[PDB]
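First the structure, in the form of structure tokens, and then the observations on it.
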Amino acid sequence: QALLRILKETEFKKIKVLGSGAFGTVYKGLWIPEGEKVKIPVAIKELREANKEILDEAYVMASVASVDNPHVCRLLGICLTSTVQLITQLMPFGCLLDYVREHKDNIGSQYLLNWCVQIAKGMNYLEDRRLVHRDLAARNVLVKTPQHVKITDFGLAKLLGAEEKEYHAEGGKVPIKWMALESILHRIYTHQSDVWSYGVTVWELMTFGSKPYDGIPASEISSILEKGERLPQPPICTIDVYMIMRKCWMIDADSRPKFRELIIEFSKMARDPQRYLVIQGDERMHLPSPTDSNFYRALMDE
Ligand SMILES: COc1c(Cl)cccc1Nc1c(-c2ccncc2OC[C@@H]2CCCO2)[nH]c2c1C(=O)NCC2
Ligand SMILES: [Cl-]
């Protein structure tokens with residue numbers, strides 16, 4: 001039962017742009033609800049050139065609100081202004097793609113493998129709620145703290161019926177370099193096509209934000225995949241980590257790993273992280289943590 005909370009425009013203060021792009025425009029702000037009188041850091045999303053498109057996103061997010069998973073973004077409510085806006089808790093450390101690019105010199109094995117676990121736990125939750133994301137990528141993972149990441153952006157997400165195993169898409173722009181072959185060829189999307197995208201997302205993290213198939217046009221991808229070519233082994237990845245990615249990119253969808261399997265294997269690896277990822281100076285690296293006495297420094301800076 002999907003309940004949309006409508007937030008008053010007048011309850012938001014110090015609204016400022018964070019960034020723009022394919023996702024539209026995201027702002028940060030302080031939501032002070034009347035009565036409670038407490039300042040809650042919030043992110044605000046809108047499109048600028050339909051109000052329909054963003055309500056579909058709010059529906060899907062409202063539809064999977066029954067259970068609180070810590071690794072998927074919660075809709076706090078919408079706001080009606082000049083445009084329709086989505087509202088969520090601010091993820092202060094921002095987008096994981098940008099984060100791995102900027103903090104490369106202090107990202108150790110433990111962090112990369114833990115992130116992989118947390119994204120698999122988030123997708124497993126969404127699979128249980130019959131949700132196909134259709135846009136899993138580093139750009140659609142956010143950082144609450146360097147130890148804690150959440151899946152976001154349900155603009156392409158589809159809920160499957162009790163009977164339905166797959167969603168057939170119509171003519172609509174889609175991220176080719178993150179999509180399974182059968183999605184490129186036949187516009188078919190399943191939980192197992194999301195596993196392919198999970199594979200690409202992991203490659204992005206292990207390369208500290210490299211562009212997949214860089215300098216290759218989107219029209220050559222299906223032919224490259226049909227020849228048996230895949231994204232290369234990242235320098236830091238031992239064979240077991242790369243084999244997981246290659247299992248995610250298998251032609252037979254049902255042969256690909258399940259998220260429940262990916263949780264367990266990446267969990268096993270997180271218990272001995274230096275065995276599975278080889279990073280120079282791993283033990284000398286550090287990122288801010290809530291347990292740190294001076295963590296309030298990082299939150300205010302970022
Ligand atoms: C769908 O969940 C949201 C809602 Cl309901 C409201 C506002 C933002 C989001 N999520 C997103 C954030 C976001 C959510 C929370 N806190 C900070 C955020 O942005 C951080 C940086 C700024 C611009 C790129 O990401 N950033 C992005 C989305 C998104 O949906 N697609 C890609 C970029
Ligand atoms: Cl693309």
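Atoms within each ligand, like the ligands themselves, are counted from 1 in listed order. Along the sequence shown, residues are numbered consecutively beginning with 1.
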Under 3.5 Å, is there a donor-acceptor pair linking the side chains of [X] and [Y]?
X: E283; Y: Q274; result: yes
X: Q147; Y: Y111; result: yes
X: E36; Y: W31; result: no

Tell me, which protein residue and heavy-atom name are nearest [atom], and how many Å apart are they?
atom: atom 10 (N) of ligand 1; value: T152 OG1, 2.8 Å
atom: atom 15 (C) of ligand 1; value: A43 CB, 3.2 Å
atom: atom 25 (O) of ligand 1; value: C95 CB, 3.7 Å
atom: atom 22 (C) of ligand 1; value: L18 CB, 3.8 Å
atom: atom 16 (N) of ligand 1; value: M91 N, 3.0 Å
atom: atom 20 (C) of ligand 1; value: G94 CA, 3.9 Å
atom: atom 27 (C) of ligand 1; value: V26 CG2, 4.0 Å
atom: atom 30 (O) of ligand 1; value: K45 NZ, 2.6 Å

Just jot down the ligand 1 atoms closer than 4.0 angstrom to any heavy atom of [X], in number order.
X: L75; answer: 5 (Cl)
X: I44; answer: 7 (C)
X: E57; answer: 1 (C)
X: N140; answer: 31 (N), 32 (C)

Does [X] pair with [Y] as a salt bridge, N-O distance under 4.0 Å?
X: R5; Y: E11; value: no
X: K258; Y: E127; value: no
X: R297; Y: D292; value: no

In terms of ring plane angle, is the pair [X] and [Y] parallel, tilted or perpendicular, where the classes change at 30° and 60°?
X: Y99; Y: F93; result: perpendicular
X: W196; Y: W249; result: tilted
X: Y167; Y: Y189; result: tilted

Mark the output for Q89 as yes if a heavy-atom distance to ligand 1 is under 4.0 Å, and as no if none is.
yes
Answer yes or no for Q85: is there a heavy-atom contact with ligand 1 below 4.0 Å?
no
Over 12 foreign heavy atoms within 6.0 Å of CZ, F208:
yes
Do any N/O atoms on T88 end up under 3.5 angstrom from N/O atoms on ligand 1?
no
From atom 29 (C) of ligand 1, work out which of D153, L90, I54, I78 has a heavy atom at the shortest distance.
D153
Regarding atom 26 (N) of ligand 1: of the candidates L142, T25, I151, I87, which has the closest heavy atom?
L142
Does the ring of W203 carry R230 above it, NZ/CZ under 6.0 angstrom from centre and within 45° of its axis?
no
